[PDB]
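Single chain ahead, written as structure tokens, the form deposited in one PDB entry.
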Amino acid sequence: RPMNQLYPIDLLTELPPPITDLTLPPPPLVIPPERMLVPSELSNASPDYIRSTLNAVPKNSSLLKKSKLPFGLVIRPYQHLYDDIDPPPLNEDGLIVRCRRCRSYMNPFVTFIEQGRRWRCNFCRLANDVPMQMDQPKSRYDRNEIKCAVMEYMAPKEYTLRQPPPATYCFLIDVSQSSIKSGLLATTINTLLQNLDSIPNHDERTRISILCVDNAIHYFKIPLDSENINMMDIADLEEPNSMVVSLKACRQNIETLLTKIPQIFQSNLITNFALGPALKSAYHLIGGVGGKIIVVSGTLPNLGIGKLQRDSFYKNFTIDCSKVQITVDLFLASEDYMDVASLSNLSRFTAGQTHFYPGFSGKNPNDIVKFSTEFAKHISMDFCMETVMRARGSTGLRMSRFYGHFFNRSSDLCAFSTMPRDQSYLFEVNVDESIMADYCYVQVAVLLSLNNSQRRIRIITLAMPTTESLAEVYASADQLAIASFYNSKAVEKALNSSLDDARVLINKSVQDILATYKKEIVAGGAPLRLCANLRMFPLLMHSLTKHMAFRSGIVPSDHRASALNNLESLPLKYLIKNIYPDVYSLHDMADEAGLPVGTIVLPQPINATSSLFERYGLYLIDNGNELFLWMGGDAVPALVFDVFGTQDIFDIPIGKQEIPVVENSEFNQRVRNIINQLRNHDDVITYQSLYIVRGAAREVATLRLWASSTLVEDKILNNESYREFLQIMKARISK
């Protein structure tokens, strides 16, 4: 069969690295048409939903161990913030065919046997009976579960214990003084006010709740608009209807309330924020049905249970949330210490997320833009409730580890009190017994309660060829999925062991693979051998060791915890960009670039190195977190003019600021076009602030420093360049 072939290369001959490789699809899943019931491109799981580190699975343990390559799965149930965008086929007749023994679901790889009266399970080979329903003008072959690897069903009654719940929201807002002064409360109230119709309400059932919190927990009874304020204070930190109300039936009233809140605490002098007590109030408030507790704060918890200092209450809280189906999202925005390391656990183990906004301050008009945009997209994002996800492997395959934000203790089941849309997950697969078939399989199942009062089951079935050729295993290795694997292992090693240990782990992943490819595979002088499909692996890991998450040196605790929290939950596509940035050379930008094709055409990305930064050029750096517009110090007045209006480069805007609208400048338009395009994604909430930097007072040095550190291919501080990294590796895998 056409098993992917090995394409040997010399890493030393590919410097600078051919980074366009980062946008290439993984190695093909070689599956002959006969193994699929209805052959098509939809017959095998798409890389967008699931990516195995190995698309040519080792036929046995000893081979897996020898390859030194990891076996994991980058799983991503949803692709967009809104379920109306590109949904998979949806089954509705209620017929769910499953194997009696392993419980796997009917899929494109089962084999129909005995005149097609029965079916042999591809996961455990058990013989199962074909329900007479299957053939009730269409045949069984017209069914989505037989036609598609990725599809969905309307779950029957026995997959539910209680009627699907309504989308419930409880906003826990910090109204203490730090929040008033920074403008966080205002910005938050405003954004909600501006987005009440962005919040999903597909079944018109969505319920909301508002908790203002300082030293006491402030409640609000909201009447039905149809019967036309009540603020109930509770300072007793030791201690439902009309508190959690219909977003529709109380639309005007909820609006009326949000509008007064800013006035109510307009002159609050209290600096206490009882997160602990408040978190408990919200729990009791929505625990009878479960839902989302979205915390907005710019004040370190300092009163009541759970207070922190410059805690395990939270971890136990998450344990409790898993019982009542509650998820906690956090938006931490302040110039002061927030202990992201500790609070991020709330979201992490409840399937939610924590968003950290360093130095947030209403005084900077641009701080507001970032927070509101992201907070708005976050509340407008669709999600599931009471969801559980598990992966079933074919005989010989076992799911041993699970990474990502969710709740998992001692089972193969991952619980999501709510399943967001913007995160990714990873499962480690161990091969115990030897695989006997020429193929093995993995099937992800997600039992969920959609935010439209419906119970569904989303299935993702992936088929991989087995092989006993070490060459073939490497030839089909997914460099990016593998990069992701080690990224998660690194975060764990970091968020649990040592930061240095994580660095050590990262580097070893490269050393072992390089040493293995060298000894296990067989004219020249001194190349650093590897195959084309793994050609970006050395770069990514090396680049990862320079990321704010693993950097040697000094990084503020919150900025580090945050970076670590992000790398662990980012969708593959953005994880890679967060590790290795897209850099654009604008001054010599092709004419198509900056203009439509309403999607803007982007210039081709250049290597992330200051080597290519001409002192007279214009460059745009995108690292998934921010955007840096770098203009050379010796840029021609024409260029300086075409972009900002003046000709004095020293008269250019500096720092976190937007690019001015320069009339009659078509170039100025194309620049603003590229920046706006880089800002729209229908899959993440991220709004990247723009930083303008001038090259060749102390603020200007700081910006150059920051922008410059994004170019991960360069020697940065105490880390060698990529060029040297490779040389270091070559010296190590030598005798």
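Numbers for residues come from their place in the sequence shown, where the first is 1.
The protein also exists as the form solved in complex with a partner chain; that form is not presented, and the subsequent description refers to it.
In the bound PDB entry, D336 approaches the partner chain with a heavy atom inside 4.5 Å. Taking the partner from elsewhere, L703 is found to have a heavy atom lying within 4.5 Å of the partner chain in the bound PDB entry. In the bound PDB entry, the partner chain sits within 4.5 Å of a heavy atom belonging to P358. Taking non-hydrogen atoms only, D558 approaches the partner chain to within 4.5 angstroms in the bound PDB entry. This chain appears without its partner; in the bound PDB entry, the one residue of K518, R401, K577, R551 with a heavy atom within 4.5 Å of the partner chain is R551. Checked against the partner chain in the bound PDB entry, the candidates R205, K147, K377, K656 yield a single residue with a heavy atom inside 4.5 Å, and that residue is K656. Of the stretches 588 to 596, 336 to 344, 496 to 504, 197 to 205, only 336 to 344 has residues with a heavy atom within 4.5 Å of the partner chain in the bound PDB entry.
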